[PDB]
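First, one chain by itself in structure tokens, the form deposited in one PDB entry.
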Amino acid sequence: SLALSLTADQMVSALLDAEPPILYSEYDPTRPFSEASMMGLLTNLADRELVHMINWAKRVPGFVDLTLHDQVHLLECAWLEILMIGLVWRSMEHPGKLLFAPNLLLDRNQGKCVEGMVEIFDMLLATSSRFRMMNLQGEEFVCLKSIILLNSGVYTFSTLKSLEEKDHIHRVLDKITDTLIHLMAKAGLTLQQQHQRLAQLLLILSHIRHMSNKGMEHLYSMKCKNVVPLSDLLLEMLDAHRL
């Protein structure tokens, strides 16, 4: 039970050290966008990010203690939320734009090139704007991302030992809550301000869930239209949600 023994500072260091890299797209700016081509860039990127995410998850404290079936379930439930919070995080310092890749920074007008993407685009922008006005810190971001991984599928997990798995996940979640409060108290916030900011951060996770639900319906729509190429992994992740 390595996750339970970490201090707040050791939790942050572990999560910071596990951060996946920021990947590049194949975007060539010497030609104008199109609906199919732009979405192909984004799905190609998401597929490559997914591989790094799966290996990041192994490094989130407690995740390795779970069964393979339960690791699969949590990632199947959370993967788009996790891609989206990552996107919103690296877009924080780019008001009005989404930084999909260092070489791919789009405003909402270019996102209109895809049908139905503009609503999701606007929601992601609003989330990035909210992180900016809250001045979200990198230490807080990695905590939130790990909360999404452990929380989003846990309520859809029979057995007395089955309760041990959920209870262990909830104890890890509890440890991450401890870690968030630690960071805020170190930043000088009063007790009142700590609880307020904790709530503000966790309430954003409701909006990230919403965006992921909408994005998954849009992904299924792309699959049906069979115009944008979707990778075998993306299709398996998508099918796990339409079960």
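Residues that one form lacks are left out of the comparison. The first residue of the sequence shown is number 1, and the count goes up from there. Rigid core here is just the name for the largest C-alpha set that superposes within 1.5 Å across the two forms.
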query: Other entries lacking residue 115, at least a third; finding: no
query: Residue 157 dropped in a third or more of the other entries; finding: yes
query: Mean Cα B-factor comparison, 175-183 or 32-40, giving the higher one as deposited; finding: 32-40
query: Of 118-126 and 105-113, the one with larger mean CA B-factor; finding: 105-113
query: From 12, 18, 224, 22, residue of greatest CA B-factor; finding: 224
query: From 202, 50, 208, 64, residue of greatest CA B-factor; finding: 64
query: Residue 54 by Cα B-factor - lowest, middle or highest third of the modelled chain; finding: middle
query: Residue 90 - Cα temperature factor, lowest/middle/highest third of chain; finding: lowest
query: Third of the chain, ranked by Cα B-factor, where residue 154 sits; finding: highest
query: Among modelled residues of the same chain, the CA temperature factor third for residue 133; finding: highest
query: Among modelled residues of the same chain, the CA temperature factor third for residue 168; finding: middle
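What follows is about the form deposited in another entry, which we do not show.
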item: After fitting the core, residue 234 CA displacement of 2 Å or more between the shown form and the other one; value: no
item: C-alpha of residue 222 off by 2 Å or more between the shown form and the other one on rigid core; value: yes
item: Displaced residue check between the shown form and the other one: residue 31, CA, 2 Å or over, core reference; value: yes
item: Sense of CA distance change between residue 222 and residue 125 in the other entry, threshold 3 Å; value: farther
item: Relative Cα spacing, residue 223 and residue 233, in the other entry - shift of 3 Å or more; value: farther
item: Large-shift segments between the shown form and the other one, meaning 3+ residue runs whose Cα move 2 Å or more when the rigid core is superposed; value: 27-33, 221-225
